[PDB]
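Below is one structure, written out as structure tokens, with a few remarks after it.
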Amino acid sequence: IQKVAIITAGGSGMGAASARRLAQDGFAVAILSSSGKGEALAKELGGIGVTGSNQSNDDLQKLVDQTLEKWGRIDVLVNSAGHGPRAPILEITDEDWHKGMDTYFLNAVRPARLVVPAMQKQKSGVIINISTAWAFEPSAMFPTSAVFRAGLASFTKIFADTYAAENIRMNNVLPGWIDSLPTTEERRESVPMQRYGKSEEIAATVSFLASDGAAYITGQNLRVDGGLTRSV
Amino acid sequence: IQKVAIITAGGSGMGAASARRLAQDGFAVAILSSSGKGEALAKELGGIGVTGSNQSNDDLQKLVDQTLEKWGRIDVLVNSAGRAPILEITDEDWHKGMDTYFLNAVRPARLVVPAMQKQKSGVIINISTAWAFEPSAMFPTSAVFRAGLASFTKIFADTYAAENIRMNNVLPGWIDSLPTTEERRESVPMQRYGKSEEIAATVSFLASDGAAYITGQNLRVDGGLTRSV
Amino acid sequence: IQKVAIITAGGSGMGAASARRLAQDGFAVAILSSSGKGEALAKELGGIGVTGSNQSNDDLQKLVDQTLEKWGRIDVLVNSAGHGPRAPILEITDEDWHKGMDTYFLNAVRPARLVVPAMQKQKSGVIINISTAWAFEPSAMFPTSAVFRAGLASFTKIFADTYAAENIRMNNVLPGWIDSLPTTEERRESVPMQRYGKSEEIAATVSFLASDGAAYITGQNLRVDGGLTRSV
Amino acid sequence: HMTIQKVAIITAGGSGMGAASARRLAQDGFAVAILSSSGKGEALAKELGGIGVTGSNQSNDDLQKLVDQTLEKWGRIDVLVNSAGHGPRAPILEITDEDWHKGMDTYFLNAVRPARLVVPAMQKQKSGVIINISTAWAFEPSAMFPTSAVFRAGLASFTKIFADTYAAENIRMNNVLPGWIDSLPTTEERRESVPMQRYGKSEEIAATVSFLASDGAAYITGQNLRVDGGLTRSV
């Protein structure tokens with residue numbers, strides 16, 4: 001067996017960085033992206049791609065089925081995310097809250113349901129979600145992101161307790177300001193380390209969590225933020 | 001000044017207990033419930049009541065409008081609320097969970113804040129769960145969306161602090177609004193369930209001037225159940 | 001039942017405010033302070049005072065013995081604190097770290113040891129420590145305070161678990177900027193509520209925690225800080 | 001010669017998780033310097049092609065000797081890993097004032113003391129990592145390990161202040177918080193309390209230390225990472 005990694009929202013940013021690093025580590029990769037970039041990248045990394053939505057159970061099933069048809073196993077699932085509603089806290093509509101849940105919570109839950117049967121058969125698996133350093137120290141800048149990634153942390157803990165005995169782990173990586181988007185001086189200066197994080201630094205964190213050496217870590221939320229957040 | 005409290009899901013359990021205690025404290029009370037029990041309780045307490053859904057903006061607006069027509073202010077809002085394997089919960093179930101345990105607080109908050117802004121004074125207290133940050137399989141949608149509620153609460157608190165409008169959550173452990181099991185009771189270091197009245201007392205404190213410098217907090221009332229500092 | 005409260009470091013600041021409020025609530029009061037202020041306050045409130053140190057075994061035992069001789073019970077212990085070492089984080093010497101521990105940790109622990117026997121006989125008791133809102137979001141401004149109050153929280157949890165079955169509770173109140181000291185504009189403006197807290201607000205939180213209504217609360221750390229800290 | 005030979009100091013590195021960390025860092029390519037109160041420290045350092053001092057992780061003098069010998073030999077300190085011995089255990093009110101002070105030396109100043117001594121080299125380097133082996137019980141404390149939990153919660157707050165103070169100089173500090181690890185004898189009761197139904201390996205703690213000592217983890221600072229098989233309850 002070559003080990004296998006599926007990456008949802010893997011066509012750009014932190015998803016793409018994670019897919020590249022996991023391929024470099026030696027995983028066969030399967031990528032889902034609503035852009036064409038996902039399939040180009042999977043091609044370049046020698047793996048497979050599906051072009052579809054991380055909100056669609058059917059695109060997801062196609063991705064999972066193709067990965068199992070080809071390699072017969074799924075060792076790692078990495079879930080990255082899009083961008084959800086941003087507005088003043090009482091102005092976000094009920095509809096927008098629902099859309100935020102789709103973007104930032106069910107984007108991780110939906111594919112988790114579909115990969116777990118393989119991981120149960122294997123008695124081995126890792127699921128890593130890209131969350132946000134603001135989950136427990138939320139800001140008005142990113143209200144639906146923080147709300148639903150806090151909820152994702154609770155989901156992650158219930159999941160971790162439910163599947164621990166089957167050697168299946170789930171952890172979240174909580175990035176601060178990352179150079180996947182343009183920097184501002186105010187934001188950069190607000191980080192004690194006085195720089196944005198590299199998308200490759202997030203990918204390195206994913207790589208660790210996907211390795212045998214991290215096997216005893218489950219249910220955790222690891223902030224990778226140059227010291228930005230205040231809580232121990 | 002006769003101060004005013006609105007209680008959503010105040011027909012039974014911790015909502016009813018909160019409504020009774022706030023009435024005893026001297027607040028005028030307006031109560032929403034879907035069963036009808038909220039109206040019967042309001043009448044007993046000398047207040048007003050609406051029977052409707054805490055997921056419906058129209059029934060909520062009716063409660064708010066009637067309260068402001070009667071007493072001209074809203075000092076306090078208390079939001080109270082109504083098991084499956086973690087991967088078996090459907091997308092539809094998660095969305096329903098969010099309506100039930102997250103938007104139940106958010107929807108009435110939007111409608112009371114204007115009065116609170118005019119008053120330069122207001123308190124919103126949400127009844128959450130001690131399982132929010134230490135969740136278990138027993139209360140999955142509740143815990144997930146109450147963790148989300150905490151993050152909402154902090155953004156809200158930051159947004160409205162300068163206008164003297166505060167939001168806090170009370171996080172109950174095992175409370176006597178339901179029957180005990182011995183395993184549950186024994187898991188609590190205090191070796192007893194909490195009283196609905198003890199939750200209501202914590203609500204009362206958070207509705208008082210003495211608590212005015214508390215905002216954005218999640219206060220566990222659980223007999224020592226949860227493990228975290 | 002005439003209930004009884006002991007307050008350590010109760011001569012001024014949040015300690016004195018707590019003693020005044022608990023007297024107003026109807027408690028008999030006993031006060032320890034290194035200042036003459038403690039005794040003047042106790043005498044006013046019809047209670048008893050010892051002039052002495054919350055680091056001295058002899059002074060504390062005297063306090064406790066005189067309280068039990070007078071009223072036969074101890075229902076509430078409130079521990080306020082003085083001021084400990086403040087310096088750049090690596091310049092604080094081993095000796096200063098040990099002094100900080102005495103000032104901010106052992107100040108609470110020492111009296112707790114001495115009042116628990118009465119509380120056990122009573123099958124009822126409450127201990128409330130005045131801590132700091134910076135305990136888990138520490139600031140270089142108050143390094144020994146934050147370090148030892150974070151320590152205090154873990155002590156408080158072990159205590160709460162050990163004595164819960166005997167109906168003896170311990171909780172900590174974590175103030176932000178309080179008007180026991182003069183404001184600075186920068187500090188005041190950093191608080192979302194745009195004001196310092198009142199000592200009377202801290203005392204009201206102490207009052208609630210000493211009440212029957214709070215009887216199901218134990219092991220907790222309650223921030224009273226106008227929204228200053230960032231963590232949920 | 002064409003690539004920097006990075007250097008790691010391990011305190012209490014003679015056995016258990018400290019020795020595991022030493023071994024792994026050496027395997028990663030670090031030159032290792034080990035302090036241990038037993039001869040185990042030096043023997044292990046010999047095996048790993050490094051240096052060792054026999055002495056106490058509570059003694060400024062012995063720590064200064066290791067640091068000096070390290071800088072004398074390799075000219076730099078890139079990584080400091082602080083493990084710990086064992087402190088007082090007793091019912092919570094039975095721990096004497098003296099036992100609390102001893103606990104502080106064992107679980108808090110064991111990290112602080114060497115941190116003070118390695119930071120100047122790290123500042124000259126504009127690069128450094130300090131990793132303390134703490135405990136999963138720090139914020140979910142148990143009556144089993146009272147001084148450990150108290151002072152490791154304290155260590156977290158120290159760590160955050162340190163991290164804010166030195167972040168601009170690219171010097172980071174993080175804590176690894178192990179649960180039940182196979183460095184000590186196992187019991188069934190403890191094993192079955194862990195959701196993963198096994199103890200952690202010392203090698204899994206060392207793997208976490210290795211990651212945190214690597215360039216990949218450079219944007220992580222001030223954190224407490226629990227490695228506990230899901231034992232602790234908090235998100």
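Residues are referred to by chain and number: the chain letter is A, B, ... according to the order shown in the structure tokens, the number counts from 1 in that chain, and ligands are numbered separately from 1 in the order shown.
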
Interface, chain D side, toward chain B (6 Å; only C-alpha atoms) as a count of residues only: 5

Polymer residues at most 9 Å from residue 222 of chain A, only C-alpha atoms, same-chain spacing of 5 or more positions, as a PyMOL selection string: (chain A and resi 133+171-175+205) or (chain D and resi 220+223-225)

Every residue of chain B that DSSP places in strand (DSSP E), as a VMD selection string: chain B and resid 4 to 8 28 to 33 48 to 51 76 to 79 122 to 127 165 to 172 218 to 221

Just N, CA and C atoms for this one: save the residues we selected as an mmCIF file, in the first residue's frame.
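Output (part-v2.cif):
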```
data_model
loop_
_atom_site.group_PDB
_atom_site.id
_atom_site.type_symbol
_atom_site.label_atom_id
_atom_site.label_comp_id
_atom_site.auth_asym_id
_atom_site.auth_seq_id
_atom_site.Cartn_x
_atom_site.Cartn_y
_atom_site.Cartn_z
ATOM 1 N N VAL B 4 -38.449 45.523 32.607
ATOM 2 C CA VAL B 4 -39.168 44.551 31.817
ATOM 3 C C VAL B 4 -38.222 43.446 31.338
ATOM 4 N N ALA B 5 -38.680 42.221 31.504
ATOM 5 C CA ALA B 5 -38.016 41.044 30.952
ATOM 6 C C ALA B 5 -38.890 40.261 29.961
ATOM 7 N N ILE B 6 -38.329 39.941 28.789
ATOM 8 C CA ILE B 6 -38.922 39.003 27.866
ATOM 9 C C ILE B 6 -38.229 37.644 28.034
ATOM 10 N N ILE B 7 -39.004 36.552 28.120
ATOM 11 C CA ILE B 7 -38.449 35.209 28.208
ATOM 12 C C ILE B 7 -38.974 34.378 27.034
ATOM 13 N N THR B 8 -38.079 33.905 26.198
ATOM 14 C CA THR B 8 -38.460 32.998 25.105
ATOM 15 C C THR B 8 -38.268 31.559 25.610
ATOM 16 N N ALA B 28 -41.538 43.180 35.233
ATOM 17 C CA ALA B 28 -42.702 42.796 34.444
ATOM 18 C C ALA B 28 -42.281 41.816 33.390
ATOM 19 N N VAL B 29 -43.075 40.767 33.184
ATOM 20 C CA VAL B 29 -42.634 39.687 32.306
ATOM 21 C C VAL B 29 -43.528 39.452 31.108
ATOM 22 N N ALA B 30 -42.875 39.189 29.967
ATOM 23 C CA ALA B 30 -43.563 38.818 28.731
ATOM 24 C C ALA B 30 -42.943 37.506 28.302
ATOM 25 N N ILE B 31 -43.791 36.516 28.049
ATOM 26 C CA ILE B 31 -43.333 35.139 27.838
ATOM 27 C C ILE B 31 -43.846 34.558 26.514
ATOM 28 N N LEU B 32 -42.936 33.948 25.782
ATOM 29 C CA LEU B 32 -43.266 33.215 24.571
ATOM 30 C C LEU B 32 -43.116 31.714 24.823
ATOM 31 N N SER B 33 -44.081 30.951 24.302
ATOM 32 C CA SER B 33 -43.901 29.486 24.224
ATOM 33 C C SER B 33 -44.760 28.973 23.081
ATOM 34 N N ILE B 48 -47.554 39.288 30.403
ATOM 35 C CA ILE B 48 -48.223 39.016 29.133
ATOM 36 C C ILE B 48 -47.563 37.855 28.410
ATOM 37 N N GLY B 49 -48.297 37.256 27.491
ATOM 38 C CA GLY B 49 -47.765 36.060 26.834
ATOM 39 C C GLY B 49 -48.236 35.919 25.414
ATOM 40 N N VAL B 50 -47.419 35.250 24.613
ATOM 41 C CA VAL B 50 -47.749 34.952 23.257
ATOM 42 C C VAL B 50 -47.508 33.476 23.091
ATOM 43 N N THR B 51 -48.392 32.818 22.346
ATOM 44 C CA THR B 51 -48.184 31.433 21.971
ATOM 45 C C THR B 51 -47.823 31.430 20.514
ATOM 46 N N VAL B 76 -34.337 43.202 29.809
ATOM 47 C CA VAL B 76 -33.755 41.868 29.854
ATOM 48 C C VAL B 76 -34.455 40.986 28.835
ATOM 49 N N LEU B 77 -33.644 40.247 28.092
ATOM 50 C CA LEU B 77 -34.086 39.119 27.301
ATOM 51 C C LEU B 77 -33.422 37.823 27.753
ATOM 52 N N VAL B 78 -34.231 36.806 28.078
ATOM 53 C CA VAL B 78 -33.761 35.474 28.441
ATOM 54 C C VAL B 78 -34.225 34.484 27.378
ATOM 55 N N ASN B 79 -33.274 33.794 26.734
ATOM 56 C CA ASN B 79 -33.584 32.821 25.685
ATOM 57 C C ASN B 79 -33.257 31.435 26.209
ATOM 58 N N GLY B 122 -29.099 47.355 28.568
ATOM 59 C CA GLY B 122 -29.774 46.102 28.234
ATOM 60 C C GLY B 122 -28.940 44.891 28.545
ATOM 61 N N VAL B 123 -29.630 43.791 28.841
ATOM 62 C CA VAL B 123 -28.992 42.485 29.165
ATOM 63 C C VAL B 123 -29.691 41.360 28.393
ATOM 64 N N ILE B 124 -28.919 40.520 27.715
ATOM 65 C CA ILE B 124 -29.472 39.323 27.056
ATOM 66 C C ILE B 124 -28.735 38.152 27.660
ATOM 67 N N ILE B 125 -29.502 37.190 28.173
ATOM 68 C CA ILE B 125 -28.970 36.005 28.802
ATOM 69 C C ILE B 125 -29.507 34.823 28.018
ATOM 70 N N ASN B 126 -28.599 33.965 27.546
ATOM 71 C CA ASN B 126 -28.977 32.742 26.842
ATOM 72 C C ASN B 126 -28.700 31.536 27.745
ATOM 73 N N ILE B 127 -29.692 30.645 27.830
ATOM 74 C CA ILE B 127 -29.474 29.378 28.460
ATOM 75 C C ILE B 127 -28.829 28.387 27.463
ATOM 76 N N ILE B 165 -24.917 47.509 26.557
ATOM 77 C CA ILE B 165 -25.756 46.356 26.303
ATOM 78 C C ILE B 165 -24.864 45.108 26.392
ATOM 79 N N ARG B 166 -25.222 44.203 27.312
ATOM 80 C CA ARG B 166 -24.407 43.026 27.635
ATOM 81 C C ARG B 166 -25.132 41.728 27.244
ATOM 82 N N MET B 167 -24.356 40.720 26.876
ATOM 83 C CA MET B 167 -24.844 39.362 26.641
ATOM 84 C C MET B 167 -23.953 38.346 27.325
ATOM 85 N N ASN B 168 -24.569 37.431 28.066
ATOM 86 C CA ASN B 168 -23.886 36.325 28.719
ATOM 87 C C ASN B 168 -24.719 35.049 28.608
ATOM 88 N N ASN B 169 -24.035 33.910 28.726
ATOM 89 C CA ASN B 169 -24.663 32.589 28.674
ATOM 90 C C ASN B 169 -24.505 31.872 29.996
ATOM 91 N N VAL B 170 -25.567 31.220 30.420
ATOM 92 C CA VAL B 170 -25.554 30.324 31.584
ATOM 93 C C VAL B 170 -25.536 28.915 31.074
ATOM 94 N N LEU B 171 -24.575 28.112 31.554
ATOM 95 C CA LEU B 171 -24.311 26.786 31.017
ATOM 96 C C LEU B 171 -24.625 25.693 32.055
ATOM 97 N N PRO B 172 -25.863 25.193 32.049
ATOM 98 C CA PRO B 172 -26.301 24.251 33.102
ATOM 99 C C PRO B 172 -25.775 22.851 32.832
ATOM 100 N N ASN B 218 -19.420 32.816 29.528
ATOM 101 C CA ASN B 218 -20.052 31.512 29.544
ATOM 102 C C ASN B 218 -19.832 30.910 30.939
ATOM 103 N N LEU B 219 -20.877 30.981 31.762
ATOM 104 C CA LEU B 219 -20.774 30.627 33.214
ATOM 105 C C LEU B 219 -21.391 29.241 33.421
ATOM 106 N N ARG B 220 -20.547 28.270 33.740
ATOM 107 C CA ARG B 220 -21.005 26.896 34.003
ATOM 108 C C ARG B 220 -21.579 26.734 35.403
ATOM 109 N N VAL B 221 -22.790 26.183 35.480
ATOM 110 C CA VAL B 221 -23.534 25.971 36.723
ATOM 111 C C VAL B 221 -23.829 24.482 36.719
#
```

Atom CA of residue 209 of chain D to atom CA of residue 24 of chain D, straight-line distance in Å: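 We find that atom CA of residue 24 of chain D and atom CA of residue 209 of chain D lie 8.6 Å from each other.
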
Å distance separating atom CA of residue 79 of chain C from atom CA of residue 30 of chain C, one decimal place: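 Between these atoms lies a distance of 12.0 Å.
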
Show me, as CSV, the residues of chain A having an atom within 10 Å of chain B, each with the closest atom pair and its distance in Å, using only C-alpha atoms.
```
residue,atom,partner,partner_atom,distance
A:57,CA,B:91,CA,9.7
A:88,CA,B:159,CA,8.5
A:89,CA,B:156,CA,6.4
A:90,CA,B:110,CA,5.7
A:91,CA,B:110,CA,8.1
A:92,CA,B:106,CA,9.9
A:93,CA,B:107,CA,9.2
A:94,CA,B:103,CA,7.4
A:97,CA,B:103,CA,8.5
A:98,CA,B:95,CA,6.9
A:99,CA,B:95,CA,9.8
A:101,CA,B:95,CA,7.9
A:102,CA,B:91,CA,8.8
A:105,CA,B:94,CA,9.5
A:106,CA,B:91,CA,7.3
A:109,CA,B:87,CA,7.8
A:110,CA,B:91,CA,7.9
A:112,CA,B:87,CA,7.9
A:113,CA,B:87,CA,5.7
A:114,CA,B:87,CA,9.3
A:116,CA,B:87,CA,9.1
A:134,CA,B:151,CA,9.1
A:135,CA,B:151,CA,7.1
A:136,CA,B:151,CA,6.4
A:137,CA,B:151,CA,7.4
A:138,CA,B:151,CA,5.9
A:139,CA,B:155,CA,6.0
A:140,CA,B:155,CA,5.8
A:141,CA,B:155,CA,9.5
A:142,CA,B:155,CA,9.6
A:143,CA,B:152,CA,7.3
A:144,CA,B:152,CA,8.6
A:145,CA,B:148,CA,9.9
A:146,CA,B:151,CA,6.6
A:147,CA,B:148,CA,4.5
A:148,CA,B:148,CA,5.8
A:149,CA,B:148,CA,7.6
A:150,CA,B:148,CA,5.3
A:151,CA,B:144,CA,4.5
A:152,CA,B:144,CA,7.0
A:153,CA,B:144,CA,7.9
A:154,CA,B:144,CA,5.2
A:155,CA,B:144,CA,6.0
A:156,CA,B:144,CA,9.4
A:157,CA,B:135,CA,6.8
A:158,CA,B:136,CA,5.6
A:159,CA,B:86,CA,6.4
A:161,CA,B:136,CA,8.1
A:162,CA,B:137,CA,7.7
A:163,CA,B:86,CA,10.0
```

Secondary structure check, helix (DSSP H, G or I) residues of segment 46-230 of chain C, as a PyMOL selection string: chain C and resi 57-71+94-122+143-166+185-190+199-209+212-214

Could you give me, as CSV, a per-residue list for chain D showing, wherever an atom lies at most 8 Å from an atom of chain A, the closest pair of atoms and their distance in Å to one decimal, using only C-alpha atoms and sorting by chain then residue number from low to high?
```
residue,atom,partner,partner_atom,distance
D:156,CA,A:232,CA,6.2
D:157,CA,A:232,CA,6.5
D:160,CA,A:232,CA,6.4
D:163,CA,A:227,CA,7.0
D:164,CA,A:192,CA,5.9
D:167,CA,A:193,CA,4.6
D:168,CA,A:193,CA,4.8
D:169,CA,A:193,CA,7.7
D:170,CA,A:193,CA,6.5
D:195,CA,A:164,CA,5.4
D:196,CA,A:164,CA,4.6
D:197,CA,A:165,CA,6.1
D:200,CA,A:216,CA,6.0
D:203,CA,A:213,CA,7.5
D:204,CA,A:213,CA,5.2
D:207,CA,A:213,CA,5.1
D:208,CA,A:214,CA,6.6
D:211,CA,A:208,CA,6.8
D:216,CA,A:204,CA,5.1
D:217,CA,A:201,CA,6.4
D:218,CA,A:201,CA,7.2
D:219,CA,A:226,CA,4.7
D:220,CA,A:224,CA,4.8
D:221,CA,A:227,CA,5.4
D:222,CA,A:227,CA,6.2
D:223,CA,A:232,CA,6.3
D:224,CA,A:232,CA,6.9
D:225,CA,A:222,CA,7.0
D:226,CA,A:217,CA,7.0
D:227,CA,A:217,CA,4.8
D:228,CA,A:216,CA,6.1
D:229,CA,A:216,CA,4.8
D:230,CA,A:218,CA,5.4
D:233,CA,A:157,CA,8.0
D:235,CA,A:153,CA,6.1
```

For atom CA of residue 96 of chain C and atom CA of residue 62 of chain D, the interatomic separation in Å (one decimal):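 A separation of 20.9 Å between them.
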
May I have the residues within 7 Å of segment 82-94 of chain D as a JSON list (two decimals) with N, CA and C atoms, in the first residue's frame, using only C-alpha atoms and disregarding those fewer than 4 positions away in the same chain?
```
[["chain", "number", "residue", "atom", "x", "y", "z"],
["C", 113, "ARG", "N", -6.85, 26.03, 54.00],
["C", 113, "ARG", "CA", -6.56, 24.90, 54.87],
["C", 113, "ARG", "C", -7.20, 25.06, 56.26],
["C", 158, "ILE", "N", -9.10, 21.22, 41.62],
["C", 158, "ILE", "CA", -8.79, 19.99, 42.43],
["C", 158, "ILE", "C", -9.52, 20.11, 43.77],
["C", 159, "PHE", "N", -9.46, 21.31, 44.36],
["C", 159, "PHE", "CA", -10.19, 21.56, 45.62],
["C", 159, "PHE", "C", -11.70, 21.28, 45.47],
["D", 10, "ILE", "N", 18.81, 19.25, 25.71],
["D", 10, "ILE", "CA", 17.72, 18.57, 26.40],
["D", 10, "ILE", "C", 17.96, 18.46, 27.91],
["D", 11, "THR", "N", 17.11, 19.11, 28.73],
["D", 11, "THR", "CA", 17.27, 19.03, 30.21],
["D", 11, "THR", "C", 16.37, 17.93, 30.74],
["D", 12, "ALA", "N", 16.86, 17.25, 31.77],
["D", 12, "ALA", "CA", 16.31, 15.97, 32.22],
["D", 12, "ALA", "C", 16.17, 15.04, 31.04],
["D", 13, "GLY", "N", 17.28, 14.81, 30.33],
["D", 13, "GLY", "CA", 17.28, 14.06, 29.05],
["D", 13, "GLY", "C", 17.82, 12.62, 29.12],
["D", 18, "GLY", "N", 12.33, 12.78, 27.88],
["D", 18, "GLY", "CA", 13.54, 13.54, 27.55],
["D", 18, "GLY", "C", 14.56, 12.76, 26.72],
["D", 99, "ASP", "N", 6.23, 21.86, 50.15],
["D", 99, "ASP", "CA", 5.95, 20.95, 49.00],
["D", 99, "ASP", "C", 5.52, 21.81, 47.79],
["D", 103, "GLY", "N", 7.46, 21.91, 44.32],
["D", 103, "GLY", "CA", 6.75, 21.66, 43.06],
["D", 103, "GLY", "C", 7.06, 22.72, 42.02],
["D", 106, "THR", "N", 10.37, 22.05, 40.52],
["D", 106, "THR", "CA", 10.35, 20.84, 39.69],
["D", 106, "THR", "C", 9.65, 21.05, 38.36],
["D", 107, "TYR", "N", 8.55, 21.80, 38.39],
["D", 107, "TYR", "CA", 7.65, 21.89, 37.23],
["D", 107, "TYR", "C", 7.57, 23.23, 36.52],
["D", 110, "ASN", "N", 12.23, 24.62, 36.33],
["D", 110, "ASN", "CA", 12.98, 23.69, 35.43],
["D", 110, "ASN", "C", 12.96, 24.12, 34.00],
["D", 111, "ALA", "N", 11.91, 24.82, 33.56],
["D", 111, "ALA", "CA", 11.87, 25.43, 32.24],
["D", 111, "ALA", "C", 12.41, 26.84, 32.21],
["D", 131, "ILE", "N", 10.90, 24.17, 23.90],
["D", 131, "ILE", "CA", 9.75, 23.26, 24.00],
["D", 131, "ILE", "C", 9.76, 22.63, 25.40],
["D", 132, "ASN", "N", 8.69, 22.83, 26.17],
["D", 132, "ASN", "CA", 8.60, 22.27, 27.49],
["D", 132, "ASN", "C", 7.64, 21.09, 27.49],
["D", 133, "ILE", "N", 8.05, 19.97, 28.11],
["D", 133, "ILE", "CA", 7.16, 18.85, 28.31],
["D", 133, "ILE", "C", 6.33, 19.13, 29.56],
["D", 143, "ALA", "N", -6.78, 15.14, 41.16],
["D", 143, "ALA", "CA", -6.18, 15.02, 42.47],
["D", 143, "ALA", "C", -4.91, 14.15, 42.44],
["D", 144, "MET", "N", -4.74, 13.33, 41.40],
["D", 144, "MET", "CA", -3.54, 12.46, 41.26],
["D", 144, "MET", "C", -2.22, 13.23, 41.21],
["D", 145, "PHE", "N", -2.21, 14.36, 40.47],
["D", 145, "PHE", "CA", -0.99, 15.08, 40.15],
["D", 145, "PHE", "C", -1.16, 16.59, 40.43],
["D", 146, "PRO", "N", -1.29, 16.98, 41.71],
["D", 146, "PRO", "CA", -1.64, 18.35, 42.02],
["D", 146, "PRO", "C", -0.53, 19.39, 41.77],
["D", 147, "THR", "N", 0.72, 19.13, 42.16],
["D", 147, "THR", "CA", 1.75, 20.16, 41.89],
["D", 147, "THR", "C", 2.07, 20.23, 40.40],
["D", 148, "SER", "N", 2.01, 19.07, 39.75],
["D", 148, "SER", "CA", 2.25, 19.03, 38.33],
["D", 148, "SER", "C", 1.28, 19.93, 37.59]]
```

Test item: residues at most 10 Å from segment 12-15 of chain B, only C-alpha atoms, excluding those fewer than 2 positions along its chain, as a ChimeraX atom specification: /B:7-10,17-21,31-33,35,37-38,41,78-82,126-127,172,175-178,195-200,203

Residue among A:180, A:103, A:35, A:199 lying closest to residue 82 of chain A, counting only C-alpha atoms: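 Checking each of A:180, A:103, A:35, A:199 against residue 82 of chain A, counting only C-alpha atoms, the winner is A:103.
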